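S.K.: Submitted below is the structure of interest, expressed as structure tokens.
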Amino acid sequence: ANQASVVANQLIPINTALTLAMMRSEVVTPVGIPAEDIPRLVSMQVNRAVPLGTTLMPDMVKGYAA
């Protein structure tokens, strides 16, 4: 049903600063960071490796607070 989340479009290594090429929008469950926030996430770092196809959750991004 409608809410899309940010999903990793490639493996994102631990401590990588996110770029736009790394983030796609997809309706997945459980729900992660809202896809509307992809602009806000560029150049923030992930604190763990995020495999291809993994939903980005709030606790995986350093400094994220919505």
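The way I read the labels, and the way they are meant: chains A, B, ... in the order of the structure tokens, residue 1 as the first residue of every chain, and ligand 1 as the first ligand shown, with later ones counted on from there.
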Would you kindly return, as a PyMOL selection string, each protein, DNA or RNA residue with an atom no farther than 9 Å from any atom of residue A:36, considering only C-alpha atoms and excluding same-chain residues fewer than 2 positions away?
M.R.: chain A and resi 4-6+25+33-34+38-40
S.K.: Excluding stretch 53-66 of chain A and its own-chain neighbours fewer than 3 positions away, which residues fall within 7 Å of it when counting only C-alpha atoms? Please give them as a ChimeraX atom specification.
M.R.: /A:5-9,32-33,44-48,50
S.K.: Mind dumping the selected residues with C-alpha atoms as a PDB file, in the first residue's frame?
M.R.:
ATOM      1  CA  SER A   5      10.924   4.053   1.790  1.00  0.00           C
ATOM      2  CA  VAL A   6      14.577   4.632   0.906  1.00  0.00           C
ATOM      3  CA  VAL A   7      16.154   1.304  -0.261  1.00  0.00           C
ATOM      4  CA  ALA A   8      19.836   0.785  -1.060  1.00  0.00           C
ATOM      5  CA  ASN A   9      20.430   0.723  -4.827  1.00  0.00           C
ATOM      6  CA  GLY A  32      12.148   2.735   6.741  1.00  0.00           C
ATOM      7  CA  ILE A  33      13.175   6.382   6.150  1.00  0.00           C
ATOM      8  CA  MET A  44      25.387  11.795   5.578  1.00  0.00           C
ATOM      9  CA  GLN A  45      27.185   8.557   6.564  1.00  0.00           C
ATOM     10  CA  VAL A  46      25.808   5.133   7.319  1.00  0.00           C
ATOM     11  CA  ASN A  47      27.112   3.481  10.516  1.00  0.00           C
ATOM     12  CA  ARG A  48      26.977  -0.080   9.162  1.00  0.00           C
ATOM     13  CA  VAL A  50      23.910  -1.710   3.933  1.00  0.00           C
TER      14      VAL A  50
END
S.K.: Record the distance separating atom CA of residue A:3 and atom CA of residue A:15, expressed in Å with one decimal.
M.R.: 27.2 Å
S.K.: What separation in Å, quoted to one decimal, exists between atom CA of residue A:11 and atom CA of residue A:49?
M.R.: 7.3 Å
S.K.: Output as a list in words all residues of chain A that backbone DSSP marks as strand (DSSP E or B).
M.R.: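 Selection result, strand (DSSP E or B) within chain A: residues 5, 6, 7, 8, 12, 17, 23, 24, 25, 26, 34, 45, 46, 50, 55 and 61 of chain A.
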S.K.: Can you tell me, as a PyMOL selection string, which residues in chain A count as helix (DSSP H, G or I) by DSSP?
M.R.: chain A and resi 20-22+35-41+58-60
